[PDB]
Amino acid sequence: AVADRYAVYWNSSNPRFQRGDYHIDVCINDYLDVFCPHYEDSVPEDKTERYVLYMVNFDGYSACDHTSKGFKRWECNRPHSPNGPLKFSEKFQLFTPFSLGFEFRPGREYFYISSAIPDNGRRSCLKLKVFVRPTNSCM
């Protein structure tokens, strides 16, 4: 319908995560779908990419730190999941009907990062910036 839907394939083989400047401009009430890495069952666990997806503030986004300033949004620990890749869905709505949900405002920026499973000490985390566009730009 009227809203737009964005699909992000969140894995280290996606060249959009390359420079660490992957961003998308969305409108209020738009959708974002994030897909976990998925592999044929013959691929062993240790050779598959797994992680936790966090929503963090700008500071956490910059330093790849989810601990002091982040919320867990999704877990990609099923690389062989039935029915295809696990899919995280977000709607950029003003008000959440979920007491642990997340709210969005026009004109503001939001940040996601992933932390690998199993955990290494890297600070080369995959990340995404989401800019929620002003109301005037979204009719």
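So that there is no doubt, residue numbering starts at 1 and follows the sequence shown.
Between 97-105 and 37-45, the higher mean Cα B-factor belongs to 37-45. On average the C-alpha atoms of 121-129 have higher B-factors than those of the other stretch, with 121-129 and 9-17 being the two compared. Of the residues listed, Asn77, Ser62, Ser114, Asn29, the entry assigns the biggest Cα temperature factor to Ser62. The PDB entry assigns the greatest CA B-factor among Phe58, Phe88, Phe92, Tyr54 to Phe58. Ranked by C-alpha B-factor against the other modelled residues of its chain, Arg50 falls in the lowest third.
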